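There is one chain below, alone, in structure tokens, taken in the form deposited in one PDB entry.
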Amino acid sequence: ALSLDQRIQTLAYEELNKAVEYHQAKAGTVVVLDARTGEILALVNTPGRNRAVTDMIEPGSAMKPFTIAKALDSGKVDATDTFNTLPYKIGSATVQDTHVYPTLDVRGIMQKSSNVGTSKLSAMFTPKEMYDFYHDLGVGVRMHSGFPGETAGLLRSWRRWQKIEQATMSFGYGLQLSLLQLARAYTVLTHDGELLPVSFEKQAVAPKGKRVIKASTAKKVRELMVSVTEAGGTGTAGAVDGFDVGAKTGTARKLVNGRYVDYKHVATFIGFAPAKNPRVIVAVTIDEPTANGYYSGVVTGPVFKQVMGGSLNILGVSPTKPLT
């Protein structure tokens, strides 16, 4: 028997289709995982191939929690540390944020989705340390999910990284993974620091997780990620009534012919709830919205909200706070 929950599958399908229609987008996908087992509760794509497993995207800002996790886990950074987040150069490349903040603490880097702050965290580590961490999250690794045509994604050897590439990989460019790989990587945060295998079969034995970060680090990162869905974060459209939700938005210019183009984007929204003791991960991507807005928050945040909210209801998880 499949691990798929048909009521979640139905909800995800309807919500995805509504958003793809409304935003006149090219394509999209939803993955729902069990946060403590890695079982696939739902996996839906717009018509055609199984893009969730076959296609690789650059994660963009959806990678930033991992860079933050690695920093905190090393003991070298505390969440209250403040960083200079002004634009700066690497060789003759510029790292800069959409909206300039002079300084941000780690909570701020998460909340506001700072490229500069993320790159400063990664710059405390060597290429080999960062590569090993991305590898350990499963980037460029086969999941062996049972799906045919499953991509391993792309993680170039650290032996060939330029300094700019370390920076850009820390905020999610130059490495690639499927939506299912990206949802899987979030089990590190939900399953107390251990990466889980993904499966579409009902589990019979407790899955063997592989330790990537300390449980204390995973807990802290989940707490920081609630900032994304509260006032001041990029991801308030994904807030769910009655729960605290940890999430990350991602808005990427689309890589098309080796070029990154400024008039095509890919919107990603990934999160988990309840944030303190999560039951589910929901990941959403919509490719090339064209109806006006293209930011993750407006395009994918409402599908995340409805699928997460509906999923928690279906699985019989009580709200942790009064509905409003």
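The term rigid core refers to the maximal set of C-alpha atoms that superpose within 1.5 Å between the two forms. A residue's number is simply how far along the shown sequence it sits, counting from 1.
Just so you know, the form deposited in another entry exists too; it's not on screen, but the next bit is about it.
- Residue shifts between this form and the one not shown, rigid core superposed: of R279, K26, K276, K264, the only C-alpha displaced by 2 Å or more belongs to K264.
- In the core-superposed comparison between this form and the one not shown, the C-alpha atom of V298 has shifted by less than 2 angstroms.
- Once both forms are fitted on their core, a CA shift of 2 Å or more is seen for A252 between this form and the one not shown.
- An increase of at least 3 Å in the separation of the C-alpha atoms of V256 and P87 is found in the other form, compared with the displayed form.
- In the other form, the Cα positions of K254 and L179 lie at least 3 Å nearer to each other than in the form displayed.
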